[PDB]
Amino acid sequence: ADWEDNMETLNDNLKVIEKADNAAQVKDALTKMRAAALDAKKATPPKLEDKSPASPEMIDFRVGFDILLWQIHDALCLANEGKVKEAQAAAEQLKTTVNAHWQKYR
């Protein structure tokens, strides 16, 4: 998927986590978030289309998804251990990071 569609998937699944009732739903949403963050590493935001693919700006873009992926990892471990409330709080932090990346590159 292109970058904005992958960001939409991240946001849709943050809402699923915020409203979730059990650990299985949280786990499923986090797995979708991970797949979207990895796919977005292959994307180029429109404002960077005129940059080299390994320009410092595009490295910052890709490593920003690495930052999200490690936070997704913390939340997904918490969900897998049944720590649903901790996973949801972690998702609130994920929301902050996703928004910051959106604002930086759109």
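All residue numbers refer to positions in the sequence shown, first residue = 1.
- When the C-alpha B-factors of 75-83 and 60-68 are averaged, 75-83 comes out higher.
- Higher mean CA temperature factor, per the PDB entry, when comparing 38-46 with 25-33: 25-33.
- Annotation for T97: C-alpha temperature factor in the middle third relative to the rest of the modelled chain, per the entry.
- Looking at the C-alpha B-factors along this chain, the one for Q88 belongs to the highest third.
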